[PDB]
Every structure is written in C-alpha cells, then in structure tokens.
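Asker: The structure under discussion is supplied below as structure tokens; questions concerning it will follow.
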Amino acid sequence: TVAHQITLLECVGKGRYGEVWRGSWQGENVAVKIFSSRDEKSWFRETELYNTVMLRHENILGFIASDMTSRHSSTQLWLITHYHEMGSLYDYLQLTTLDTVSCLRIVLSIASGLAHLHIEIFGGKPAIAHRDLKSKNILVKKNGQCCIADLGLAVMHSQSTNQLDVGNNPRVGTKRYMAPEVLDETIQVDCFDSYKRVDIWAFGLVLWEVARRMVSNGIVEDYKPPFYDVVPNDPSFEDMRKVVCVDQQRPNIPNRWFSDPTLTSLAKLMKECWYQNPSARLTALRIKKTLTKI
Ligand SMILES: COc1ccc(Nc2nccc(-c3c[nH]nc3-c3cccnc3)n2)cc1
C-alpha cells in the first residue's frame with residue numbers, strides 16, 4: 001500500500017481534522033493527511049468522492065491514494081495527494097502581494113475548479129457541492145494557479161436518477177464562512193442548489209481575501225480573514241449569526257478599489273455572491289465567465 005512506502009518528513013498543518021504531513025514517496029513530495037479519530041467520516045467521504053468520481057482537473061487537488069495503516073499499534077486513516085510547496089492560499093496571501101495578472105489568475109483558477117465541481121458532465125461526473133470552501137482549503141501551484149482541496153463534506157447530485165447524496169458526516173462547515181441560510185438554519189437541505197449557493201457565498205469571501213492583496217496605486221491592504229474586524233478568532237455560531245444574519249454585515253470594500261478597473265469588477269462580483277437570499281447569487285459558471293473577460 002502507498003502508506004507503507006512513504007517517509008513522513010515534517011508536519012505542515014494541523015487542526016481538529018488531524019494533520020497534514022509533507023512525506024516522501026517515490027522520491028517526490030506528497031501530502032499525507034492523517035485524520036483524527038473524531039473525523040473518520042470525512043476520510044470516508046473524500047475516499048468515496050475520489051474513487052467513484054472522475055475528478056482529475058487542473059484546479060482540483062490531485063488524489064494519489066487512500067489507505068488504512070498502523071502507527072503506534074493503532075489504526076490511522078491516511079489520504080495521500082499531490083504536494084504543493086507554495087502552501088495554502090491562506091498562508092500564501094500573507095507572504096506576498098499580487099499584481100493584476102497574478103490576482104486574476106488565482107481567482108479564475110478557483111472559479112474553474114468550482115464550476116467543474118458544480119456541473120454535471122455526461123458521456124462524466126455528477127454535480128458536486130463542496131460545503132467548506134475557504135482559503136485554507138485552496139492550494140497555490142507553482143504556475144500561479146490554485147487547486148481546491150478537502151472533499152470531506154461534499155454533496156453529490158445526478159440528473160438521471162434525480163438523486164441527492166448528502167453523505168453521513170456530523171462535521172459542519174467552518175463557521176466564519178457559513179452562508180446566512182446556514183447560520184439562521186433555514187437552508188433547504190433536500191435541494192442540491194441550496195449547497196451550490198453556500199459555496200458561492202464562501203467563494204465571495206475568498207475573492208475578497210485575494211483582492212485585498214492586489215496592488216493598485218502602489219498600495220495594498222494587509223491580509224485579513226473575512227469578518228476579521230467584528231468577530232474573534234474561532235468565532236462561535238452565535239457570533240457569526242449576529243454579524244451575518246441579524247446585523248446583515250458584509251465585508252467592507254476599500255475605497256481604493258473603485259479607482260482600479262480590475263478591483264471594481266471584482267467588487268461587483270463579490271457583492272453578487274453575498275445576497276442574503278441564496279437564489280439571487282451568481283453561479284460558479286457565471287463567475288468564471290466574467291473573470292475570463294476582465
Ligand atoms: C507553510 O507550511 C506549508 C507548506 C506547504 C504545504 N503544502 C500542501 N500541499 C498539499 C496539500 C496541502 C493541504 C493543505 N490543507 N489541506 C491539504 C490536503 C492534503 C491532502 C489531502 N487533503 C488536503 N498542503 C502546506 C503548509
């Protein structure tokens with residue numbers, strides 16, 4: 001099994017989900033996600049998605065293997081993928097600023113990965129919603145494009161059967177990026193499009209995160225996570241509910257963006273991701289089309 005051939009080298013990420021390690025396999029870097037015992041259903045769902053859906057795409061993290069192994073005489077669930085030395089988009093945006101070309105390339109590549117996920121393809125894949133899009137779940141590739149990672153919460157739908165497959169995972173999305181209908185708990189869980197629009201909301205927040213780091217008129221904003229100014233680290237459910245639903249707050253558009261053609265376009269995009277009413281938001285394909293034009 002691939003797990004027994006890998007040498008773990010250093011831990012590059014850690015959370016309640018478990019750990020991500022840079023490992024060595026066949027003399028190349030690979031990412032090894034070692035799930036915690038509390039998050040076995042995410043391992044199962046990711047393994048299911050990668051093994052039963054043809055998911056290869058330039059902007060979707062590339063799957064190598066999924067294994068059960070023994071470490072310290074007890075079972076570990078491993079998910080092995082391609083390694084991206086440039087790291088997560090979250091970490092990357094803190095280490096550099098962007099120019100116009102690099103900013104558009106990042107957000108367009110994310111829109112292409114997302115649209116590919118959302119679209120059903122025949123002759124071939126079901127439609128897939130992600131449900132935990134965020135800059136920590138997006139990796140930066142050496143060519144300046146990004147790829148979307150972590151399918152542990154994904155939901156699938158296929159037209160031939162009209163079957164919705166929401167999995168069996170008690171994990172919920174990252175609270176900071178949850179759409180209003182998730183926080184007020186009125187989202188219609190029996191309908192696939194409900195989940196696509198939860199992704200669109202989160203993608204709006206990612207767009208905002210990246211745009212702040214594009215230089216115009218020689219100035220740039222510091223990296224900040226969405227809603228940094230109004231919720232603490234690790235915000236609770238009620239924190240996000242108060243800010244997003246009750247007070248209807250949205251991320252602030254800096255004045256300097258409106259003096260730049262690109263950032264004004266991006267600002268209109270993200271605002272149409274943020275309607276309180278999910279039906280009003282743009283779709284991934286519409287966002288991809290618009291971004292390709294700018
Ligand atoms: C600054 O320190 C760092 C340097 C490099 C990296 N490189 C990297 N390469 C591939 C994947 C991931 C990753 C991040 N989040 N989740 C995954 C993942 C991995 C496997 C399966 N599913 C999700 N990170 C990370 C941190």
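We label chains A, B, ... in the order they appear in the structure tokens, count residues from 1 in each chain, and number ligands from 1 in the order shown.
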Could you list, as a ChimeraX atom specification, all protein and nucleic acid residues with an atom at most 10 Å from ligand 1, counting only C-alpha atoms and all ligand atoms?

Answerer: /A:10-15,17,19-23,29-35,43,46,61-66,78-92,95,135-141,147-152

Asker: Env of region 254-264 of chain A: 10 Å cut, atoms = only C-alpha atoms, seq-sep filter 6 positions within chain, self excluded. Answer as a PyMOL selection string.

Answerer: chain A and resi 100+103-104+208+211-212+214-217+219-221+291+294

Asker: Write out, as a short mmCIF file (atom, residue, chain, number, x, y, z; two decimals), in the first residue's frame, the residues just selected, with N, CA, C and O atoms.

Answerer:
```
data_model
loop_
_atom_site.label_atom_id
_atom_site.label_comp_id
_atom_site.auth_asym_id
_atom_site.auth_seq_id
_atom_site.Cartn_x
_atom_site.Cartn_y
_atom_site.Cartn_z
N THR A 100 -1.87 42.48 -11.00
CA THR A 100 -3.16 42.22 -11.62
C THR A 100 -3.20 40.84 -12.24
O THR A 100 -4.17 40.09 -12.06
N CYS A 103 -3.32 38.17 -9.47
CA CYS A 103 -4.60 38.17 -8.76
C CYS A 103 -5.70 37.50 -9.59
O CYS A 103 -6.42 36.63 -9.09
N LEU A 104 -5.83 37.90 -10.86
CA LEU A 104 -6.84 37.30 -11.74
C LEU A 104 -6.59 35.81 -11.94
O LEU A 104 -7.52 35.00 -11.94
N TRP A 208 -12.76 38.30 -1.88
CA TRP A 208 -12.42 39.47 -1.08
C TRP A 208 -11.04 39.34 -0.47
O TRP A 208 -10.25 40.29 -0.50
N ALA A 211 -8.39 39.82 -3.31
CA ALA A 211 -8.39 41.17 -3.88
C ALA A 211 -7.64 42.16 -3.00
O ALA A 211 -6.97 43.07 -3.50
N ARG A 212 -7.75 42.01 -1.68
CA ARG A 212 -7.07 42.91 -0.76
C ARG A 212 -5.56 42.92 -0.97
O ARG A 212 -4.90 43.90 -0.60
N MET A 214 -3.98 42.49 -3.99
CA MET A 214 -3.58 43.05 -5.27
C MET A 214 -3.20 44.52 -5.10
O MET A 214 -3.97 45.30 -4.52
N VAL A 215 -2.03 44.90 -5.62
CA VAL A 215 -1.53 46.27 -5.54
C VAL A 215 -2.20 47.12 -6.61
O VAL A 215 -2.25 46.73 -7.79
N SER A 216 -2.73 48.28 -6.21
CA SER A 216 -3.10 49.34 -7.15
C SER A 216 -2.77 50.70 -6.55
O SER A 216 -2.93 50.91 -5.34
N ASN A 217 -2.37 51.65 -7.41
CA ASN A 217 -1.83 52.95 -6.98
C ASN A 217 -0.79 52.74 -5.90
O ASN A 217 -0.69 53.51 -4.93
N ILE A 219 -0.59 50.82 -3.44
CA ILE A 219 -0.96 50.44 -2.08
C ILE A 219 -1.76 49.14 -2.12
O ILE A 219 -2.27 48.70 -3.15
N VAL A 220 -1.87 48.54 -0.94
CA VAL A 220 -2.42 47.20 -0.77
C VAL A 220 -2.96 47.14 0.65
O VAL A 220 -2.52 47.89 1.52
N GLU A 221 -3.93 46.26 0.88
CA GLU A 221 -4.38 46.01 2.24
C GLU A 221 -3.59 44.85 2.84
O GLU A 221 -3.06 44.01 2.11
N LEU A 291 -14.91 36.48 -14.94
CA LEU A 291 -13.49 36.59 -14.63
C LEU A 291 -12.63 36.42 -15.88
O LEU A 291 -11.61 37.10 -16.04
N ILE A 294 -12.43 40.13 -17.73
CA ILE A 294 -11.63 41.20 -17.09
C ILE A 294 -10.25 41.40 -17.68
O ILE A 294 -9.47 40.45 -17.74
#
```

Asker: Quick one: residues within 7 Å of residue 201 (chain A), only C-alpha atoms counted, chain neighbours fewer than 4 positions away excluded, as a list in words?

Answerer: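 The residues that qualify are residues 179, 197, 205, 273 and 274 of chain A.
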
Asker: Neighbouring residues of residue 5 (chain A) were defined as those with any atom within 9 Å, considering only C-alpha atoms; residues of the same chain fewer than 6 positions away were excluded. Please report them as a ChimeraX atom specification.

Answerer: /A:24-26

Asker: Could you save those same residues with N, CA and C atoms as a PDB file, in the first residue's frame?

Answerer:
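Below is the file that was written, part.pdb:
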```pdb
ATOM      1  N   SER A  24       7.678  11.761   1.807  1.00  0.00           N
ATOM      2  CA  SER A  24       8.470  11.390   0.641  1.00  0.00           C
ATOM      3  C   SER A  24       7.973  10.050   0.119  1.00  0.00           C
ATOM      4  N   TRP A  25       7.585  10.025  -1.157  1.00  0.00           N
ATOM      5  CA  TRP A  25       7.097   8.835  -1.846  1.00  0.00           C
ATOM      6  C   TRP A  25       7.703   8.801  -3.238  1.00  0.00           C
ATOM      7  N   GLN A  26       8.272   7.656  -3.619  1.00  0.00           N
ATOM      8  CA  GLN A  26       8.944   7.507  -4.916  1.00  0.00           C
ATOM      9  C   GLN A  26       9.955   8.633  -5.168  1.00  0.00           C
TER      10      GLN A  26
END
```

Asker: Measuring atom to atom with only C-alpha atoms, identify which of A:96, A:252, A:1, A:160 is nearest to residue 229 (chain A).

Answerer: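 Smallest separation from residue 229 (chain A) among the options: A:252.
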
Asker: For CA of residue 116 (chain A) and CA of residue 203 (chain A), quote the distance in Å rounded to one decimal.

Answerer: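 Distance between the two atoms: 14.1 Å.
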
Asker: Would you work out the distance separating CA of residue 109 (chain A) from CA of residue 59 (chain A), expressed in Å to one decimal?

Answerer: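 Separation of CA of residue 109 (chain A) and CA of residue 59 (chain A): 6.1 Å.
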
Asker: Using only C-alpha atoms, which of the listed residues (A:52, A:277, A:94, A:42) sits closest to residue 77 (chain A)?

Answerer: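 With only C-alpha atoms as the atom set, the closest residue is A:42.
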
Asker: In Å to one decimal, how far is CA of residue 187 (chain A) from CA of residue 285 (chain A)?

Answerer: 22.0 Å

Asker: Please identify all polymer residues within 6 Å of region 125-134 of chain A, counting only C-alpha atoms, omitting same-chain residues fewer than 4 positions from it, and present them as a ChimeraX atom specification.

Answerer: /A:53,117-121,153-158,173,195-196,199,202

Asker: Mind the document's chain letters and residue numbers, and return as number ranges by chain the residues of region 1-228 of chain A that DSSP labels strand (DSSP E).

Answerer: A: 7-15, 18-25, 28-35, 63-70, 75-82, 127-129, 138-140, 146-148, 155-158, 163-165
